[PDB]
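J.: The structure follows.
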Amino acid sequence: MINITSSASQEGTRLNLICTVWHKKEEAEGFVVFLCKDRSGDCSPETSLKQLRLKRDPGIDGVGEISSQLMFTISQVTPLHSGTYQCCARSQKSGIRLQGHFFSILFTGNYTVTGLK
């Protein structure tokens, strides 16, 4: 395929939300990967928290060869970060859309991450 996966990592106070697209060499050209928060059906790169344009061959900003990764780093998790997140990718020209599983930050301060696996 070309497919998308979601993960997260935590270090000190920082929380990193990770969207990874797996793709054959060259297959990702024309794709954009983007992280959306609490968008009921208008998630796009323009309304995303962060995006990355993928490219035909490796570069030095998260575009790799058989996979590419977008990372969104939260310095410290506050109630502003509470809500539901989704990794997405699209190719405008192919009409391909890849959607990850919804996952949540729940701020209680202290927080949980749920819905990854």
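Chain lettering (A, B, ...) mirrors the order of the structure tokens, residue numbering begins at 1 for each chain separately, and ligand numbering begins at 1 in order of display.
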What are the closest atom pairs, with distances in Å to one decimal, for each residue of segment 30-76 of chain A lying within 7 Å of segment 91-107 of chain A, using only C-alpha atoms, rows by chain and rising residue number, as a Markdown table?
T.:
```
| residue | atom | partner | partner_atom | distance |
| --- | --- | --- | --- | --- |
| A:30 | CA | A:91 | CA | 5.5 |
| A:31 | CA | A:91 | CA | 4.4 |
| A:32 | CA | A:91 | CA | 6.4 |
```
J.: Write the residues of the preceding selection, restricted to C-alpha atoms, as a short mmCIF file (atom, residue, chain, number, x, y, z; two decimals), in the first residue's frame.
T.:
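To be explicit, this is the file written out as again-v8.cif:
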```cif
data_model
loop_
_atom_site.label_atom_id
_atom_site.label_comp_id
_atom_site.auth_asym_id
_atom_site.auth_seq_id
_atom_site.Cartn_x
_atom_site.Cartn_y
_atom_site.Cartn_z
CA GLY A 30 1.98 14.50 -4.48
CA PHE A 31 0.91 13.58 -0.97
CA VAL A 32 0.47 15.91 1.95
#
```
J.: Considering only C-alpha atoms, give me a table of residues in segment 37-75 of chain A that are at most 9 Å from segment 2-23 of chain A, with the closest atom pair and distance in Å for each, as JSON lines.
T.:
```
{"residue": "A:65", "atom": "CA", "partner": "A:23", "partner_atom": "CA", "distance": 7.7}
{"residue": "A:66", "atom": "CA", "partner": "A:23", "partner_atom": "CA", "distance": 5.0}
{"residue": "A:67", "atom": "CA", "partner": "A:22", "partner_atom": "CA", "distance": 4.3}
{"residue": "A:68", "atom": "CA", "partner": "A:21", "partner_atom": "CA", "distance": 5.3}
{"residue": "A:69", "atom": "CA", "partner": "A:20", "partner_atom": "CA", "distance": 4.3}
{"residue": "A:70", "atom": "CA", "partner": "A:19", "partner_atom": "CA", "distance": 5.1}
{"residue": "A:71", "atom": "CA", "partner": "A:18", "partner_atom": "CA", "distance": 4.7}
{"residue": "A:72", "atom": "CA", "partner": "A:17", "partner_atom": "CA", "distance": 5.1}
{"residue": "A:73", "atom": "CA", "partner": "A:16", "partner_atom": "CA", "distance": 4.4}
{"residue": "A:74", "atom": "CA", "partner": "A:15", "partner_atom": "CA", "distance": 5.1}
{"residue": "A:75", "atom": "CA", "partner": "A:14", "partner_atom": "CA", "distance": 4.5}
```
J.: Please identify which residues in chain A DSSP calls strand (DSSP E or B) from the backbone, and express them as an MDAnalysis selection string.
T.: chainID A and resid 3:11 14:22 31:37 50:53 63 67:74 83:91 96:99 103:107 111:114
J.: May I ask which of the residues A:56, A:25, A:39, A:81 is the closest one to residue 112 of chain A, counting only C-alpha atoms?
T.: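 The answer is A:81, which sits nearest to residue 112 of chain A.
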J.: Mind checking which residues fall within 9 Å of residue 78 of chain A, counting only C-alpha atoms, ignoring those fewer than 4 positions away in the same chain, and posting them as a PyMOL selection string?
T.: chain A and resi 82+107+109-111
J.: Those residues with C-alpha atoms, as an mmCIF file, in the first residue's frame please?
T.:
```cif
data_model
loop_
_atom_site.group_PDB
_atom_site.id
_atom_site.type_symbol
_atom_site.label_atom_id
_atom_site.label_comp_id
_atom_site.auth_asym_id
_atom_site.auth_seq_id
_atom_site.Cartn_x
_atom_site.Cartn_y
_atom_site.Cartn_z
ATOM 1 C CA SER A 82 -7.639 18.309 25.129
ATOM 2 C CA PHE A 107 -6.756 16.608 30.312
ATOM 3 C CA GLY A 109 -2.961 19.113 35.564
ATOM 4 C CA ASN A 110 -2.768 15.486 34.362
ATOM 5 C CA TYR A 111 -3.660 13.907 31.056
#
```
J.: Which one is closest to residue 113 of chain A: A:45, A:64, A:58, A:83? Count only C-alpha atoms.
T.: A:83
